[PDB]
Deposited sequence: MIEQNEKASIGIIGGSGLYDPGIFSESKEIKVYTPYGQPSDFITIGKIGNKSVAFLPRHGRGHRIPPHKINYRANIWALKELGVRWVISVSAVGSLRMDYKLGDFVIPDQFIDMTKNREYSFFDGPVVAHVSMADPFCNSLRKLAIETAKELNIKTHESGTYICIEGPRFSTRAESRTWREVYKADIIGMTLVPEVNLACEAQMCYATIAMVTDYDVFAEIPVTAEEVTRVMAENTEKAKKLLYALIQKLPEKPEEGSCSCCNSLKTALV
């Protein structure tokens, strides 16, 4: 209902510990209209290299919004209104495998949705769409993220299955044994779904750069929120280097089409 005059081709959704992306030189905060209400915070917009970039911290100012209350539809709609084509999510995840260590990055290629109470789509009728998500993340952006990590010599696992749980509580030992031994998941978090599905419906090329912040229930002391924030803080510098490099590497234009998903 409002003409959006600001434009950005790349959107960055920051997770825990990344309220300030540390990637902008000059920027401003803007309010973006959505028919779903409030995005998590105002959108920070500014130029990086030759790119206009939009940033939104999914938990908002002061990490005031828990995963189950994030307005995922408003956040993705706001980025679409700005003309965003590429969406880079940076998240904190727990590792379900001894091989994915604290501070390691992971560029997942699959996910399993264990969420419960969310709004999963922009298409509630009369235009019905069933998007394919066999390979849920954008391959070209995943490949560019992997190349950037290799170029910067930042330790990064090139694949992984992300299991998304509802939260806000962390998993019981029985649940985590199920996630690992059975669902064959590698990392765990609470925010990927429905963000990734909505981005696909919005015809964006979305990928996640996850950083392992804890070993879930598997280390001598199980995961606590304090641990997650502390570990993410120790690794913000590397995350910002990776992001800054990846953003300049992206080509102009890259789920690209809804035609075969529309009934």
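According to the record, no C-alpha positions are given for deposited positions 255-261 alone, numbered from 1.
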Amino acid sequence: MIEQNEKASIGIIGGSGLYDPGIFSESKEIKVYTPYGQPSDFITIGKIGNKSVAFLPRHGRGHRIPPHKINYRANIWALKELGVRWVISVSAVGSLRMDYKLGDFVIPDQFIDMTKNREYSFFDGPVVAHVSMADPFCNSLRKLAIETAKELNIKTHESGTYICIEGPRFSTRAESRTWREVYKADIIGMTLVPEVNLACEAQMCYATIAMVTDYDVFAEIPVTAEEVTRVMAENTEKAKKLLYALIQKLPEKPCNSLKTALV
From here on, numbers count along this sequence of modelled residues.
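Look at the C-alpha B-factors of 168-176 and of 134-142. On average they run higher in 134-142.
Set 148-156 against 120-128 and average the Cα temperature factors; 148-156 ends up higher. You'll see in the entry that, of 52, 203, 38, 44, the Cα B factor peaks at 52. The residue among 190, 79, 182, 96 whose C-alpha carries the highest B-factor in the deposited model is 182. In this PDB entry, the Cα temperature factor of residue 247 sits in the top third of its chain's modelled residues, the highest group.
Sort the modelled residues of the chain by CA B factor and residue 111 lands in the lowest third. In this PDB entry, the Cα temperature factor of residue 86 sits in the middle third of its chain's modelled residues. The deposited CA B-factor of residue 195 belongs to the lowest third of values across its chain. Looking at the C-alpha B-factors along this chain, the one for residue 10 belongs to the middle third.
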